[PDB]
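Chemist:
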Amino acid sequence: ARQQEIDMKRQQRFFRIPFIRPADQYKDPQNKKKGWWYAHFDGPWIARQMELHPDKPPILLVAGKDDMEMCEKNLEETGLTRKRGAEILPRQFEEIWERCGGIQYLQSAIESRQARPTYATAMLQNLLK
Numbered sequence: 001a002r003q004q005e006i007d008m009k010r011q012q013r014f015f016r017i018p019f020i021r022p023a024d025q026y027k028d029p030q031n032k033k034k035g036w037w038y039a040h041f042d043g044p045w046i047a048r049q050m051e052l053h054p055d056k057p058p059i060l061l062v063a064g065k066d067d068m069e070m071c072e073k074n075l076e077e078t079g080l081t082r083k084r085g086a087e088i089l090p091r092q093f094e095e096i097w098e099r100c101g102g103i104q105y106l107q108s109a110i111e112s113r114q115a116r117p118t119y120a121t122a123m124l125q126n127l128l129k
């Protein structure tokens, strides 16, 4: 069943990491746009992904659809966890998620059965009201 897929009984971890682009990093100390990478991992994998770059629009990625775009490494295989407190709050993630159009993207794959009902999709269904 739908809920059977989502199943809100797994691990939920959200993180973020503000890293500067190498190219801009050295070519110009001032002209070094900072890119923020956030990802809401679920258990050993992830279900929500969002990228923000001063030069690159809000790249909203999700499991199933942008499985190749989003993080392709388990929590330990990611690195954000190893960092110095990469974790974050769900309020911030959903803050930007709505600030751009993540829900719309999810609702699109959700209906097309591409979003892969894992957790965000269900959370989205509730976030719709």
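Numbering (the deposited numbering), first residue to last: 1 to 129.
Backbone N, C-alpha and C fix where the C-beta goes; we use that ideal spot for every residue, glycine too.
For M123, report the span of its beta strand (DSSP E) as first-last.
Modeler: No beta strand (DSSP E) contains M123, which is instead part of the alpha helix (DSSP H) from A120 to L127.
Chemist: My output table needs one value for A39: the three-state DSSP class, helix, strand or coil.
Modeler: Three-state DSSP puts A39 in a strand.
Chemist: Closer than 8 Å is the cut-off here; do at least three beta carbon pairs connect the stretch 101-121 with the stretch 1-20?
Modeler: Enough Cβ pairs lie closer than 8 Å, so yes.
Chemist: Helix, strand or coil: which one does DSSP assign to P22?
Modeler: Three-state result, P22: helix.
Chemist: Under a Cβ-count criterion, where at least 16 other Cβ atoms within 10 Å of its own Cβ denotes burial, should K83 be classed as buried or exposed?
Modeler: The residue in question, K83, is exposed, as its Cβ has fewer than 16 Cβ neighbours within 10 Å.
Chemist: Run through DSSP, which three-state label would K27 get?
Modeler: Helix at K27.
Chemist: Quick check: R16 and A86, are their CB atoms within less than 8 Å of each other?
Modeler: Contact flag set, yes.
Chemist: Considering just the uninterrupted stretch of the beta strand (DSSP E) at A47, what are its terminal residues?
Modeler: Run containing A47: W45 to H53, per the beta strand (DSSP E) assignment.
Chemist: Note down, in chain order, each residue of its chain lying with its Cβ closer than 6 Å to the Cβ of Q11, except the 5 sequence neighbours on either side.
Modeler: Contacts found: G43.
Chemist: Classify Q114 as helix, strand or coil using the three-state DSSP reduction.
Modeler: The answer is coil: DSSP assigns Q114 none of H, G, I, E or B.
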